[PDB]
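Coming up is one lone chain in structure tokens, specifically the form deposited in one PDB entry.
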């Protein structure tokens, strides 16, 4: 048997991620033990919902929770996890701090972004953002601006009501035009980028003389073809490397999976959040394997009880499970996976990309310790 109960907290509509999760469950299945996921699908921005689901898993008796949060709900997660010693493994944006009991699959992007800016020798640009992943990056660029004498125009595009969102664009570009802004960073939710890209194309700002940096880890995850021929420079970041044999092999299978059975999966690419979901199954699997290999018993003796029991007394095995997960080092879709004591990715690589007439191309990479290295 060896059935190991875990929770799965999935946003509604995260079909590809859940398909990647199930493929991960197949890939990393083993006779040693079985991960036994209990799945909740919910509105990840709704803290009540996230608390209900967390507590429901907790009372069932899970040994770890894999899932997602939003900026509206990250504090529910870090606070419940930290209080009860339950480990959360997530592909979402890294928490802004050193919160314990959170294993963060997603590498920090800020460093690479700052180096890229320096690399193109920008000292004046617009930073167009929303806040769904917090404001860490905004702070990082403001700090750099002050320190390197950059003139940054930083504008929150997150709050343009899509119910009348067009006069709002003209006024945005009017503001940008005041200083003839031509270098632009887009750090937004993926549909937000696409909205902004259409908006740019429409007013002819996708021509030569413009240069956009897409500040996310999935440059090729969405539709680049529409700005591929206008003449503007377009650059970005990619944590999933389709030239890795490991990734290449996975895509051979992924690309042929039955779409009815694996929604989101009959394609040549996989979104980085889905790749990280797949990699998370490997990490959890290795953690429980390592514990068993170390002869560390983590089996629950009694019921977890109510997540709101007062006083909140953390189970003693919590720390053990946190440590096992943080000590995992493996190779996955997102390259070398290793964590520091705070569950943040270290020793990872981010590929730096440029859009060219013949498609997106790697021009080099950013190293978690060597910064930006061009490929010759």
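Numbering follows the first chain given and starts at 1. Throughout, rigid core stands for the largest set of C-alpha atoms superposing within 1.5 Å between the two forms.
Q: Can you check if, in at least a third of the other PDB entries compared, residue 303 has no modelled coordinates?
A: Result for residue 303: often missing, at least a third of the compared entries.
Q: Does at least a third of the other compared PDB entries (those resolving both flanking residues) leave residue 228 without coordinates?
A: That residue is present in all of the other compared entries.
Q: Quick one: say whether 262-270 or 122-130 has the higher mean Cα B-factor in the deposited entry.
A: The recorded data point to 122-130.
Q: On mean Cα temperature factor in this entry, is 82-90 or 226-234 the higher one?
A: Mean CA B-factor is higher for 226-234.
Q: Which has the highest CA B-factor per the PDB entry: 180, 253, 72, 289?
A: Highest C-alpha B-factor among the listed options: 180.
Q: Among 187, 279, 175, 108, where is the Cα temperature factor highest, going by the PDB entry?
A: Of 187, 279, 175, 108, 175 has the highest C-alpha B-factor.
Q: Based on the deposited C-alpha B factors for this chain, I'd like to know if residue 77 is in the lowest, middle or highest third.
A: Residue 77: CA B-factor falls in the lowest third of its chain.
Q: C-alpha B factor of residue 103, ranked within the chain: lowest, middle or highest third?
A: Lowest third - that is where residue 103 ends up once the chain's C-alpha B-factors are sorted.
Q: Relative to the other modelled residues in the chain, which third contains the C-alpha temperature factor of residue 219: lowest, middle or highest?
A: Within its chain, residue 219 is a lowest-third residue by C-alpha B-factor, going by the deposited values.
Q: Rank-wise, by C-alpha B-factor, drop residue 28 into the lowest, middle or highest third of its chain.
A: CA B-factor rank for residue 28: middle third.
Q: Is the Cα B-factor recorded for residue 34 in the lowest, middle or highest third of its chain?
A: As the PDB entry reports it, the C-alpha B-factor of residue 34 lands in the highest third of its chain.
Keep in mind the form deposited in another entry is missing from the figure; the text below concerns it.
Q: Please name the single residue among 97, 134, 82, 263 whose Cα shifts by at least 2 Å between this form and the one not shown after core superposition.
A: The answer here is 134.
Q: Rigid core fitted, is the C-alpha displacement of residue 192 between this form and the one not shown 2 Å or more?
A: Shift of 2 Å or more: yes.
Q: Taking the rigid core as the reference frame, is the Cα of residue 247 displaced by 2 Å or more between this form and the one not shown?
A: After core superposition, the displacement of the residue 247 C-alpha between this form and the one not shown stays below 2 Å, so no.
Q: Tell me, please, whether between this form and the one not shown the C-alpha of residue 227 is shifted by 2 Å or more, with the rigid core used for superposition.
A: Where the cores coincide, residue 227 still shows a C-alpha shift between this form and the one not shown that is 2 Å or more.
Q: Say whether the C-alpha atoms of residue 216 and residue 229 sit closer together or farther apart in that other deposited form than in the form shown here, given that their separation changes by 3 Å or more.
A: It is closer: the C-alpha separation of residue 216 and residue 229 falls by at least 3 Å in that other deposited form.
Q: Please check whether, in that other deposited form, the CA atoms of residue 185 and residue 229 lie closer or farther apart than here, given a change of 3 Å or more.
A: Relative to the displayed form, residue 185 and residue 229 draw closer in that other deposited form - a change of at least 3 Å between their C-alphas.
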